[PDB]
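Participant: the data below comprise the sequence and an experimental structure of the protein.
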Amino acid sequence: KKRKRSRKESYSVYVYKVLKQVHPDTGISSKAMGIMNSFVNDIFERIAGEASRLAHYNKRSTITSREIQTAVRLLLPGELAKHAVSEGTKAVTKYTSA
Amino acid sequence: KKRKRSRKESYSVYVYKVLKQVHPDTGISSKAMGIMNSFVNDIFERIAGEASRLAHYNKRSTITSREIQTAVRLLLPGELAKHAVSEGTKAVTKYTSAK
Amino acid sequence: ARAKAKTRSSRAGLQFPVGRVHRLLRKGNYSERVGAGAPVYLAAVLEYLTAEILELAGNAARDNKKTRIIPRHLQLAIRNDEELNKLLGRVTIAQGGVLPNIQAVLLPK
Amino acid sequence: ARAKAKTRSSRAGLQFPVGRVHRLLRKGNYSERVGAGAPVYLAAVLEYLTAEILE
Amino acid sequence: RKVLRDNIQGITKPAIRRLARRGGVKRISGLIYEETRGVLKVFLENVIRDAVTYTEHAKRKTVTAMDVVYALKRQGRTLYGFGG
Amino acid sequence: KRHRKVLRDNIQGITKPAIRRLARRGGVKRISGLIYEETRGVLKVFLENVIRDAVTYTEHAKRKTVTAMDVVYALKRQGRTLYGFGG
Amino acid sequence: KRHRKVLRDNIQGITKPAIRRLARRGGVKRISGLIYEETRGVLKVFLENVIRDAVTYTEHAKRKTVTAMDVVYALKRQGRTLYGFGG
Amino acid sequence: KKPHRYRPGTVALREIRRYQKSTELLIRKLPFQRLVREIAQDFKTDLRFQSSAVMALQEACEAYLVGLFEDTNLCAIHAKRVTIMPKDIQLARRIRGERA
Amino acid sequence: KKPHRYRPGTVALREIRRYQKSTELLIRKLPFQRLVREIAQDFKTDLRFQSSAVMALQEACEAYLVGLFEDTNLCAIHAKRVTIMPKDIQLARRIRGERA
Amino acid sequence: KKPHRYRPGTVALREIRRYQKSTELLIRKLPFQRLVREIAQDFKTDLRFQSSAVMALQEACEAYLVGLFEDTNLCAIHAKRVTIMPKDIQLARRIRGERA
DNA sequence: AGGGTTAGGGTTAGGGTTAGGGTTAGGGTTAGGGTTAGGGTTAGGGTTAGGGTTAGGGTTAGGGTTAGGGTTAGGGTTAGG
DNA sequence: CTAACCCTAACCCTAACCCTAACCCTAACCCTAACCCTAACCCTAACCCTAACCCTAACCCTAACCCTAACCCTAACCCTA
């Protein structure tokens, strides 16, 4: 009858943009794009699940930047966790300033 | 304490009643009671999380007896899951017959 | 016009707090809507599991010439029940030892 | 009125959908309230991880 | 028509030998093929039972790669590529 | 007063008879000589990880005292659910 | 009884302008921001390598005090003979 | 009368290297589909699987078999041996926690 | 069975049977309490450990050590041996997936 | 309003000349004493250093840092650059034979 | 109040079907080298003990610390465009 | 409406001293296991090639997914026992 087919959400445009920002000469196949889409979704679900567990342990019905920073330091290892925390702090500082 | 303090929650009364029902003239310890409470809480949280995940996968928003039965069949093994499903169906039938 | 207030545990025949289970399902951020038969089903499953575990613990205590249930008897019953050991595989019971299992090679000549 | 509608990605400097992250945090049954800096933090962490993996 | 006894034998000996060579095995014993087939059959039975339970919960009659990935992640083996 | 602090006489705190009794409780008849050092190192690494997790949890809770609840939470996050102590 | 700060100068003192003053002595005009950490690290490892030999020299005579003579004797072994302070 | 026969070892090593420097599959698809169909027949009748589903199943099974073979080879090397054994497979499954 | 000399290997079996029927702690508290404080110094100073945290820590450590010793003993008899060795603990930890 | 701001370069050059035409020290004494005490704590406890000893240590460390900075600046000048880099420091330590 | 239920048609899609030839396995063959059986060597801790460092309560005090309660205001929420 | 603010009640964590007593350290003797050498078998390494068989290339179609249209019951929020 009608068209109106469901639209599947994906991060293919953001991964390709990061690729062009890092290596503006390489390409990403469809399988690699699907792998990166499953990796981003799995990490996002693991961090959101860790932040929800922290918000449920401490009697507080909110999720601020501290809950995400703690979930990052608990999931990521050493240097990666510190770099991600520094990037997040720089981002929130640029947001609170600009 | 008793200085406008807060009261926790537990299942000691229910565990003691279940123990008295399944076996009279027996006893239990505080460590065993705490272990049983932790086991009940862990199983409850696991089944609730499994039901929520199944409801999110089914593109639905309500966790019902079907979702709970599926979570039980996925978590519990074989004959234990079958007996739990039978008891749950009997309880649902009793609730439907009388409320 | 309240007549009487009957308890959900009495109307369900179980010995578990269906009201507390429903409140935990509603405040646990699991779903926006919580069914009616789902708390009763979960309470019945938990009651059956608790009854089985308590029966195993009582049998172990009666076999060990004891009246009270100790974590040692609980761990013994859990390790004896194959289904319980497969269900709680990554669970360590505090204040409890393992089973005296000696291999054939470790036995004296 | 409304002047102009600037994108959250441009105001944040990242290349990740902060709006989609916020919508997923609000509809994912994680918490009744979702902060403002938490989606930006998660997007920055995910962008750094994706950049490292792609490099 | 399909011989349910001619399915464990479907995992041929050269296939298991090539899998062991890809893993890093130089010499493969004779009684390894039967045990490998049994372990693979048990694992496939568990995964297919999980997928059947998921399909019955979804009120469907077709097992999908999404349900397979969900069951594999529930067991503790997250697979990428096939799905999302 | 107390003008001293803890030293490295701590890896040696896990005495040899204690490790021997632990191996006998597990089911070991003969214990080698170079097992104590490796066991102490593995135990130190595990304790370091668990204590780091507990410190992170305490810093997230805006507190300065590590609690058995936080210890149990960290142990369950690793994959080792402990019963009895807590709830 | 004891100092509440048990950090005991965790490679401190080697501040940014302190390094920005030693590099200008050699002839460095533009000093990168990622140089302070490496400078602190190389200073720490050099001080460790020197203090190890100093302690090894002081422990021979059953003495519990480190003198400048032992320090210059340990520095001579590394290949850097200092005049004036030792003697 | 010399085809220059290879001594037992070099052929195995070069085959290991060739199979490690590749990304293709090893087990066939139709026998695996028949096997998973026969297994699914023991639960619900009249079932229709998927091509991507059976492909992911074969990939996961091949990865699990590769890991099990690696663990068995490591156990054999530790046991002063070079060939795998069913006792080594049993010990690997017992240590990994799969025995049930 | 003279009280002067006993056959080596027989007293260990009685000790194993006696220690496998008790649930008391083998590691002592005071030596273990200082190890927990010394590790937490590198992360953050001015920390107060509760009286129930050290007990759970010691219990978990004892359980992990018992499991590792059982795995090492299971790996020891595989090579026609009866005693444990440092080369077996490494393999037992690598098969479990901890050392990676 | 005006302060006659100096362009980046003249201030650095005059500071280099002023610090080269002097004989005083740059690093403080008490932080260096605390650092060498913390380092010596990792070997033998209850150690008492000397004022002349820590002074000679600070002098030798300052001379070594000056030499390393000179080598790094020379490497940067050879590399068509004017600023130092951690890669330049690593290459200088690799050529000098200090490794890590 | 709207998520779930029902009936309805479209619409992708997987099972069923054909054939074939090019890839690969099945069962029997020659024979190398690894395996577990053996016996000889060595030192590795097992077992006992008695000198003695150090641990479990037994019973105090002090002042850090969590937060109970109250106040209030602002960020997440809800809605439409 | 819930989280950032302040006063503050009480708790729980730490500091410190004792009394030996279960437990820990070494060094004294010795038995049997870990380990190297070696030799006998039989097990699987290495073909192998003709037959098994599979996936390549398509057709279809009828059971199944679900899409968007109608409608109501289930779920929640309120108060107050």
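Facilitator: It's in. Residues are numbered from 1 along each chain as shown, chains lettered A, B, ... in the order given.

Participant: list the buried residues in the longest helix seen in chain C.
Facilitator: In chain C, taking DSSP state H as the definition, the longest helix is helix C:37-63. The neighbour-count check on helix C:37-63 (16 or more other CB atoms under 10 Å in any protein chain shown) flags C:37-54, C:56-58, C:60-61 as buried. Just so you know, the C-beta spots here come from the backbone N, C-alpha and C atoms, and that holds for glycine as well.

Participant: quick one, helices of chain A?
Facilitator: Along chain A, counting by DSSP H, helices occupy A:12-22, A:30-57, A:65-75, A:79-97.

Participant: which elements pack onto the longest one?
Facilitator: In other words, helix A:30-57. If contacts are counted by 3 or more CB pairs under 8 Å, 6 or more residues apart in numbering or on different chains; DSSP states H and E, helix A:30-57 sits against helix A:12-22, helix A:65-75, helix D:18-27, helix D:37-54.

Participant: redo these as JSON lines? Include distance to chain G.
Facilitator: Shown next, in JSON lines, are the helices and strands packed on helix A:30-57 (distance: least, CB to the nearest CB, whole Å):
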{"stretch": "helix A:12-22", "distance to chain G": "20"}
{"stretch": "helix A:65-75", "distance to chain G": "20"}
{"stretch": "helix D:18-27", "distance to chain G": "29"}
{"stretch": "helix D:37-54", "distance to chain G": "18"}
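
Participant: closest one to residue I:35 among those helices?
Facilitator: helix A:65-75 (23.2 Å; CB to CB).

Participant: list the contacts for the residue of chain A at minimum distance from chain H?
Facilitator: Closest to chain H within chain A is residue A:31: 10.8 Å, counting by CB to the nearest CB. Contacts for residue A:31 (CB atoms under 8 Å, 6 or more residues apart in numbering or on different chains) come out as residue E:81.

Participant: rewinding a little: any chance of the helices of chain A in TSV, plus distance to DNA strand K?
Facilitator: Formatted as TSV, the helices of chain A follow (distance: least, CB to the nearest atom of the strand, whole Å):
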stretch	distance to DNA strand K
helix A:12-22	19
helix A:30-57	11
helix A:65-75	9
helix A:79-97	11
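
Participant: deepest of those, which one?
Facilitator: helix A:65-75 (a mean of 21; mean count of other CB atoms under 10 Å in any protein chain shown).

Participant: between that helix and helix A:79-97, how many degrees?
Facilitator: 170 degrees (axes from the mean of the first three to the mean of the last three CA atoms, to 10 degrees).

Participant: is helix A:65-75 anywhere near chain I?
Facilitator: No: Helix A:65-75 lies out of reach of chain I by CB under 8 Å from any CB of the partner chain, never closer than 11.7 Å.

Participant: stretch E:20-40 too?
Facilitator: No: in terms of CB under 8 Å from any CB, no part of stretch E:20-40 sits within range of chain I; the closest distance is 14.3 Å.

Participant: can that stretch be said to contact DNA strand K?
Facilitator: Yes: if you take CB under 7 Å from any atom of the strand as the test, stretch E:20-40 does meet DNA strand K, through residue E:27.

Participant: how about residues contacting that stretch?
Facilitator: E:8, E:11, E:13, E:16-17, H:9, H:12-13, H:15-16, H:19-20, H:26, H:61, H:64-70, H:72-73, H:82-86, H:89, H:93.

Participant: with stretch C:12-22 instead?
Facilitator: So stretch C:12-22 is contacted by B:9, B:11, B:14, B:17-18, B:21, B:44, B:91, B:94-95, C:8-9, C:34, C:39-40, C:42-44, C:46-47 (CB under 8 Å, 6+ apart).

Participant: what comes up buried for that stretch?
Facilitator: C:12, C:14-18, C:21-22.

Participant: returning to what we had before: looking at the helices and strands packed on helix A:30-57, spot the one closest to residue J:40.
Facilitator: When those are compared by CB to CB, helix A:65-75 sits nearest residue J:40, at 32.9 Å.

Participant: point out the other helices and strands that that closest one packs with.
Facilitator: So helix A:65-75, by 3+ CB pairs under 8 Å, 6+ apart, packs with helix A:30-57, helix A:79-97, helix D:37-54, helix F:35-60.

Participant: done for today, thanks.
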